[PDB]
Amino acid sequence: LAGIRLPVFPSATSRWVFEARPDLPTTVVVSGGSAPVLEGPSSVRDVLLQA
Amino acid sequence: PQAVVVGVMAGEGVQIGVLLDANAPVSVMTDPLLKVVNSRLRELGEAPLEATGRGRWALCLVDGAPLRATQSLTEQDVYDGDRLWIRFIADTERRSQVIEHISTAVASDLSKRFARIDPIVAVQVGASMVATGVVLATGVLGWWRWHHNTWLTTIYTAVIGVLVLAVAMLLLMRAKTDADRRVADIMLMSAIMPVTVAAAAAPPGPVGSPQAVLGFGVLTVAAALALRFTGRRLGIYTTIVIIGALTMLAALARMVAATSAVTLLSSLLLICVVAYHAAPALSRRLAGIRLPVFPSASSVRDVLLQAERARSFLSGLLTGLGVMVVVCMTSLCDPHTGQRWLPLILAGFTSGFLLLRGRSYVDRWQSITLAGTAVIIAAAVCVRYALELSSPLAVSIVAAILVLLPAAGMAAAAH
Amino acid sequence: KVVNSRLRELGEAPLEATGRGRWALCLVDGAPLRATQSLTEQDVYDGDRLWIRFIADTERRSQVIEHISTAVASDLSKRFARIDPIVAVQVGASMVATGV
Amino acid sequence: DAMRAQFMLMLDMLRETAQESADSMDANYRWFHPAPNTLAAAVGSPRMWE
Amino acid sequence: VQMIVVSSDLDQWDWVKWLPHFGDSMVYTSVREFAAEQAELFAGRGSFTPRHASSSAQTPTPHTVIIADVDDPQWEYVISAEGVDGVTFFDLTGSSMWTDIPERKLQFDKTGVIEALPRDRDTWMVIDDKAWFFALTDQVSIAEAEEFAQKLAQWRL
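Chains as they are written, first to last, in the entry's author numbering: chain A, 303 to 353; chain B, 18 to 314, 344 to 461; chain C, 52 to 151; chain D, 101 to 150; chain E, 250 to 274, 285 to 416.
Printed below as a string of structure tokens:
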């Protein structure tokens, strides 16, 4: 119900790439302290709300 | 209007009076202001303020909220005579942390945000469970006395009082901490109920006026005795003493001789009406009684202890009077006896008095309990006139009345 | 003179005051500087900030200090005080909710 | 499933080892390159013109 | 380190007055003006040469930083000669002569995210020809700048 999604399996049709280009970081904002900041990838941040 | 005088708080607690420029932006003043306080601390011979690692100097309200660096002191809600705080705020910048596998991620994050069960809390649960168990036991034991005149109720309840009080005494003597005291207090308060009904059930024959005199008496005594030796939970014990005391006066009168309950009910209501004015004095004199000491927070200690004790007595006293008025008021009005409209309007004006009087006390809970005491009476009267003398108009009208009553006040205040 | 001259070039009104008193330099807290001593005698260096002020005869300054723990003063400001409108709104909402 | 369970446990311990090393770099880099807004208060410290 | 500014919008650089790093034994309106006073000293010798930590002990101590805010075409003399060692230029105009080299260009998105070519942490050398995400911008106001400069202006050797 909370949408926790278990990882998807590769279906045995491709080899593993040990080092693809890393995942892009995400930014956050606050109105009064208008200076933006960054803290991490989208796939990871959601889990903290999901739990 | 070019400058304003304010008291500034500095390191470890020194307060210094300063006259600030009313229109320059606050960020321009924070730097030279720090210099001045250091000069005074050095002349005083104290250690000057110093930075620690990474952070910045800020000027905040005593609540800690920082002032906007670009705004002028006059632009903000700062007036001459106010007080401010200069403070050092550390840097929060740091590396982030990621976890790749969702199961481990869930466990790690979730265990920091919440507190798990432990042996300290476990005991309070058990103590509360046994307390509920015994109040149910007296409930069933008390109900039997209403159909049978045998000695069973007093005999059985007596042993319960002894057993519960016995455990409570040991806990009270061996106690060391607030948690332990919570457990002990819960157990002790639970002993009052069985001991009380054990006595009131002893006089044989059908239940009535003669039995009432014993019950409310010992109850009042028990609460007073516990309050005298314990010195904790002042408010609740105070409330029990008041309802027990006033009920005992009526019971004795009713037991000896009383022409009607209406006479007694009217008398109590009148006493309570004047008692509200006496409540602040009672609290104030009661605070002088000598009983042990346990704080909720060298000469200052005595003043604060006295202040919180007095405040505590007032809330309980106010509560006890509130309980009595609603019981009496709802019993006094009637939809069939004579001028049915006379007590309704009288109750309204009586409610208005408390509704207005709530403003005389600054305390949040004290003002709220007073306010709440008025609202409940109005609703209760409508319910009485809705159950009895029942008809479509009455219920329809009572619903309209009850829904509009609070709505008008809230809307006028919030919009 | 140069400050008033510069203010006029900016289109700002020059420094002026009425009543018995005098013009002198002051610190951010309003304390005036010594009239007979060098800026080198005083603790002044490049980049410091100063104010020009009119010292009226009516001027009075506290010049007194006191000690009380800041950690407690800050807590006591919220630990117990008078009621707030936001709370009244929440209670009001609860009352009307109780009514329906 | 037992091999799977054991395998997962071995991976967790490498995670912990990597994390401590990362904190040491953050501390060291921050120790030499603070955020620009904090530089004013540090002017008197010996870290200036270092 | 010593710093020089060549700019037409002098109102933006007014705060520079307090800093010591801009002094001499110094803001210019054009390359022709800068050429008469400053270039006579610096144009005398050298060209750029990427250095390294061990080599740092040999390069001369006063490193010079120059800020470009004028877009004068007269700069071609130093740009076509591939600069000089011990100097560094920042182009605030985005002129075509500076803008024709990806290995030296920083691009800003509407969100303040900067893009550039990837560089190696150990040698700082460029490792690829395609531009990518680089850093989130940090910035300070003129007031903050003058406030910091005044605090710095308090000290001397």
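Idealized CB from N, CA, C, for every residue including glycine.
Worksheet item: Hey, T171/B and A219/B: beta-carbon distance below 7 Å or not?
Response: Yes.
Worksheet item: Whose C-alpha, out of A459/B, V25/B, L401/B, is nearest the C-alpha of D99/B?
Response: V25/B
Discussion item. For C77/B, report the span of its beta strand (DSSP E) as first-last.
Written reply: For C77/B, the enclosing beta strand (DSSP E) covers residues 72-78.
Practice prompt. Would you tell me roughly how many angstroms separate the C-alpha atoms of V43/B and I401/E, rounded to the nearest one?
Written response: Within the model, the alpha-carbon separation for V43/B versus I401/E is close to 16 Å.
Discussion item. Going by the DSSP bridge assignment, what does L395/E pair with across the sheet?
Written reply: Per DSSP, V372/E.
Practice prompt. Taking the CB atoms as reference points, tell me whether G30/B and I119/C lie closer together than 7 Å.
Written response: yes
Worksheet item: So, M265/B versus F233/B, is the Cβ gap smaller than 7 Å?
Response: yes
Practice prompt. Taking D344/E and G305/E to be in contact with their CB atoms under 8 Å, please state how far apart those CB atoms are, rounded to whole angstroms.
Written response: 5 Å
Worksheet item: So is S145/C in contact with chain B if we call contact Cβ pairs under 7 Å?
Response: no
Worksheet item: Can you give the Cα-Cα distance for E150/D and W131/D, rounded to whole angstroms?
Response: Cα to Cα, the separation comes out at about 12 Å.
Worksheet entry | Reduced DSSP category for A304/A - H, G, I as helix; E, B as strand; rest coil | coil
Worksheet item: Contact check, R85/C vs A107/C under 8 Å by CB: the rounded distance?
Response: 19 Å between Cβ atoms; not a contact.
Worksheet item: Which bits of chain B does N137/D rub up against, with CB to CB less than 8 Å?
Response: For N137/D, the C-beta contacts it makes with chain B under 8 Å involve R73, in order along the chain.
Worksheet entry | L448/B versus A393/B: straight-line alpha-carbon distance, rounded | 15 Å
Worksheet item: According to DSSP, what are the bridge partners of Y287/E?
Response: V255/E
Worksheet item: Bridge partners of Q32/B, per DSSP?
Response: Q32/B is bridged to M26/B, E117/C.
Worksheet item: Does any CB atom of chain E fall closer than 7 Å to the CB of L308/A?
Response: no
Worksheet item: For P42/B, which beta-bridge partners are listed by DSSP?
Response: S89/B
Worksheet entry | Terminal residues of the alpha helix (DSSP H) in which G252/B lies | 251-273
Discussion item. Between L340/A and chain E, is any beta-carbon pair separated by less than 7 Å?
Written reply: Interface with chain E (7 Å Cβ-Cβ cutoff): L340/A is included.
Worksheet item: Between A262/B and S300/B, which are expected to be in contact by the criterion C-beta below 8 Å, what is the C-beta distance as a whole number of angstroms?
Response: Contact flag wrong, Cβ pair sits at about 16 Å.
Discussion item. According to DSSP, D328/E sits in a beta bridge with which residue or residues?
Written reply: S256/E
Discussion item. Starting from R100/B, trace the beta strand (DSSP E) in both directions and tell me its first and last residue.
Written reply: 100-107
Worksheet item: To the nearest whole angstrom, what separates the beta carbons of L378/B and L269/B, a pair I think is in contact under 8 Å?
Response: Not confirmed; about 21 Å, so no contact.
Worksheet item: Excluding five sequence neighbours on each side, which residues of the same chain lie with their C-beta closer than 6 Å to the C-beta of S344/A?
Response: Exclusion of the five residues before and after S344/A leaves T328 as the residues of its chain whose Cβ lies within less than 6 Å of its Cβ.
Worksheet entry | Under the three-state DSSP convention, the category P452/B falls into | helix
Worksheet entry | Helix, strand or coil at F131/C according to DSSP, with G and I counted as helix | Of the three classes helix, strand and coil, the one that applies to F131/C here is coil, per DSSP.
Practice prompt. Could you spell out where the alpha helix (DSSP H) holding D197/B opens and where it closes?
Written response: Counting along the chain, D197/B sits inside the alpha helix (DSSP H) bounded by residues 195-217.
Worksheet item: What residues of chain E sit near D97/C, judged by a beta carbon separation below 7 Å?
Response: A412, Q413
Worksheet item: Any beta-carbon of chain B closer than 7 Å to the one on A118/D?
Response: no
Practice prompt. Just the chain B side, please: which residues come within less than 7 Å of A353/A by C-beta, in chain order?
Written response: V123, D126, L127
Item to complete: Examine chain D for any beta-carbon lying closer than 7 Å to the beta-carbon of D397/E, and answer yes or no.
Response: yes
Worksheet item: Do you know offhand how far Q398/E's Cα is from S289/E's?
Response: 27 Å
Discussion item. Alpha carbons only, please: which of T308/E, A316/E, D328/E, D273/E is nearest the one belonging to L259/E?
Written reply: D328/E
Practice prompt. Reducing DSSP to helix, strand and coil, say where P297/B ends up.
Written response: helix
Worksheet entry | Which listed residue (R291/E, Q297/E, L365/E) has its alpha carbon closest to that of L395/E | Per the Cα distances, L365/E.
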